[PDB]
Every structure is written in C-alpha cells, then in structure tokens.
J.: 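Got a structure here, written out as structure tokens. Questions coming.
In the text below, chain A, chain B and the rest are named by the order of the sequence lines, each starting its count at 1. Note that these values count all heavy atoms, side chains included, but never hydrogens, waters or copies made by symmetry.
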Amino acid sequence: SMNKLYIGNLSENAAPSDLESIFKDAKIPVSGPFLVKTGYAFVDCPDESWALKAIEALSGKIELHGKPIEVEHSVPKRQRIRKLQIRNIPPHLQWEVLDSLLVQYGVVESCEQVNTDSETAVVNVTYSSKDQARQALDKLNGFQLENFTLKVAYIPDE
Amino acid sequence: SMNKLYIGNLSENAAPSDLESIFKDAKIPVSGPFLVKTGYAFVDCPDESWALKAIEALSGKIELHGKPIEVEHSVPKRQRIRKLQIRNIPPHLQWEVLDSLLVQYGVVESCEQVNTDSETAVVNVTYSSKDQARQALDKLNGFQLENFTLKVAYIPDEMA
C-alpha cells in the first residue's frame, strides 16, 4: 500500500501530461495512470522504493505552473493513526539523538530505518497512540536539525 | 466471438461436471460442452451477455477443489490487438474522468458502453494500435478508482 502517491498543490489547469513529464524527467516509473482532481492527483508506482524515490526527488523541489508540487504517500484519512515516516534525517545522525526527539511525544511502539540511496535517512515510526503520532507530526514536521529540515508525514496505519 | 469463455486456475482433478454445477448454481446457461484441458477449460455461452455475466459472477468468486477459478473472454493471442473491455467501473463516474485515463495510453478510436445487470459499468475500447492497448491493459488492470478496482482484459480484434 506504500506504492500509491498523492500529488498536491496543483493548479486547476494541471493535466496528466504535466505530471507524466515531471515523473519522466525524474526517471520515476509509474504503474498506473495519473488520476487528476482539482488541486491534487494520485498515481501509483511499481513498488515502495520507487514511490519513496518520487517523494524524495519531487516533493517541494519541482514547480508546476509556478507552484512547488507536493508528492506524499497517499493515506486515506481513516488510516492516519499511529504511523509516520520521517525524511531528510541528517546523514550520520546518531540514533540516540533521534530517539531523544521521538520520545518527547510518546512511546515509540515501532521504529524502522528505510533503505535509500539519498544523502539523508528515512525512518518509519509507530507511536503507541493516535494522539502521540499527531503531536509528533505537528512538532517534528519542519523541525530544523543540523541545517536539515525534517519532513514528517503520515503513512497508512493498517 | 465474445461468447467463448476461458476458464483458468483449475485443479488437475477438475471434471466437466464440476463446471456444469458451477454454472448451474450461478444460473448461467452454456451453448455447448465444457472442454477441460490441464488447469484450464473452454466453454461457450449462448451470447455475449451471458459470457459477460459468467465473468462477473464467477471469476475469482468461486473455488473449485480449493482454488478460485478464473473466467475471461477467450481471445487467441493473435486476436489480442487494439480492443479492450473494462469492467468494474464505479457507477457514477463522469466519462471525462475515464477518458482522461484512457488517453494517457493512446488514441481511442471508439468507446462503447456494454449493457450489464451489474451496478458497475462496462465499456469496450478500441485503441489505434496494438502497443497502445497493451500499454493501457498493463496500466489500467488493477487500477483503483473511487474504491473500485478496474478489470481490463482483451476482446477479439478479429479484423486487425
């Protein structure tokens, strides 16, 4: 389920062909069509490694019609519960440091490093409850750590 | 013709009587005998609409000897060219939404709605060329739209 992308911050005249070229430029394969709504869209990638590569390569970095696009894991609202992904973690950050930040918002039920060839690290975090993950997302998303800006977003909970 | 069925994922024990009772229970007539090969079978329905009903009622929904059977239009490989059937379209989908998906893969020479007793829609699509249909099938089969999983398979392109 970690294969599906949400594309946000699209202008009203964004077309599938715009998104096709953006993914082609970044050399990201998609396994289905771009479904475009009004201001946002969905596309699937062949696996979670490609979809993470899309997120890392595109979200906040590529502009379409003057607007930086958002590319995020697609998560239905009912599946935004305890699980988060953290991106842009400084390359050699001691896990002791990350833990000291995570536990300020709850008990970390689960934490797993996600393999990636980018300079920076990625980890999935399951907090013990919905309220903990929500506070952690509010406090860690955008948090500046050693001139890196943490990117924190929901991933599908069950 | 589009009343010929391919039945796949059969056990090696499957007999015609197994398939007779399956179609009988699902209230689907056949116009000839079941021809059981090795892990798959062929059979004809009286017309296209019974063949479609077989696909929607039976495919992936009925198990025989522990495996779910698969039911699809029988299309020889040489007849898999420009034409696709799309099933399980969400009932109220704006046709412009479906079209915006279809055109990502080529030029749609024609699109026809198929009658169905299902609440979901079914269309037969003809792309300009074989590579466009093959791309559309690979990218649209299993594609999830408004909580429905599109089902896309070939239909005979006998003329091309």
Side-chain angles (χ1 to χ4, degrees), chain A residues 1-8 10-48 50-51 53-54 58 64-65 69 71-80 154-158, chain B residues 60 80 82-113 120-155:
Chain A
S1 173
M2 289 266 283
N3 302 7
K4 313 182 58 68
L5 297 181
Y6 164 91
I7 310 165
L10 303 183
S11 87
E12 193 159 62
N13 47 64
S17 64
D18 296 318
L19 308 180
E20 293 191 52
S21 306
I22 286 169
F23 277 64
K24 188 172 301 288
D25 287 352
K27 296 185 167 55
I28 291 145
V30 301
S31 57
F34 295 88
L35 172 67
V36 178
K37 313 314 288 188
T38 316
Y40 62 98
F42 310 88
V43 72
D44 304 312
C45 279
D47 60 43
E48 59 171 38
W50 283 116
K53 185 78 185 307
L58 307 168
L64 172 62
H65 300 144
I69 66 177
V71 181
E72 309 162 15
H73 301 295
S74 180
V75 185
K77 187 215 122 59
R78 70 192 186 261
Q79 301 182 341
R80 313 185 192 174
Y154 281 113
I155 52 176
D157 199 341
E158 65 208 77
Chain B
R80 308 184 178 194
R82 295 167 306 158
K83 292 182 180 255
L84 310 169
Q85 185 169 85
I86 307 173
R87 310 184 286 107
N88 209 34
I89 301 159
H92 295 308
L93 190 71
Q94 276 176 333
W95 301 110
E96 161 263 308
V97 176
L98 177 56
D99 190 49
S100 73
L101 310 179
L102 297 181
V103 297
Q104 301 178 41
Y105 304 113
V107 175
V108 173
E109 301 286 356
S110 67
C111 193
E112 266 184 279
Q113 202 176 5
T120 42
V122 172
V123 304
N124 293 341
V125 184
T126 308
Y127 281 95
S128 295
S129 70
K130 150 194 49 201
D131 289 317
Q132 296 175 3
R134 191 169 196 84
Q135 187 63 88
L137 178 98
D138 188 59
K139 294 294 188 284
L140 292 165
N141 195 38
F143 173 75
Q144 303 178 300
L145 178 75
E146 303 178 5
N147 300 311
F148 291 77
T149 300
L150 302 196
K151 267 89 128 167
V152 185
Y154 281 100
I155 51 177

J.: With a 4.5 angstrom heavy-atom cut-off, could you sort out which part of B:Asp138 is near chain A: side chain, backbone, both or neither?
T.: backbone

J.: Working to the nearest 0.5 angstrom, can you tell me the gap between B:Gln144 CD and A:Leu35 CG?
T.: 11.5 Å

J.: State, to 0.1 Å, how close B:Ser100 and A:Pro16 come at their nearest heavy-atom pair, and which atoms those are.
T.: O-CG, 4.4 Å

J.: Can you give me the closest heavy-atom contact between A:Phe34 and B:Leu101, atom names plus distance?
T.: O-CD2, 3.8 Å

J.: Given heavy-atom pairs under 4.5 angstrom as the criterion, report whether the side chain, backbone, both or neither of A:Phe42 touches chain B.
T.: neither

J.: Just to verify, which of B:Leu140, B:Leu102, B:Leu145, B:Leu150 counts as forming a side-chain contact (heavy atoms from CB on, under 4.5 Å) with A:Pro33?
T.: B:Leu140

J.: Checking heavy atoms, do the side chain of B:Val103, its backbone, both or neither come under 4.5 Å from chain A?
T.: neither

J.: Can you confirm whether more than 12 heavy atoms, excluding those of A:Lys4, are under 6.0 Å from its NZ atom?
T.: yes

J.: For the CZ atom on B:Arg134, are there more than 12 heavy atoms of other groups (residues, nucleotides or ligands in this structure) within a distance under 6.0 Å?
T.: no

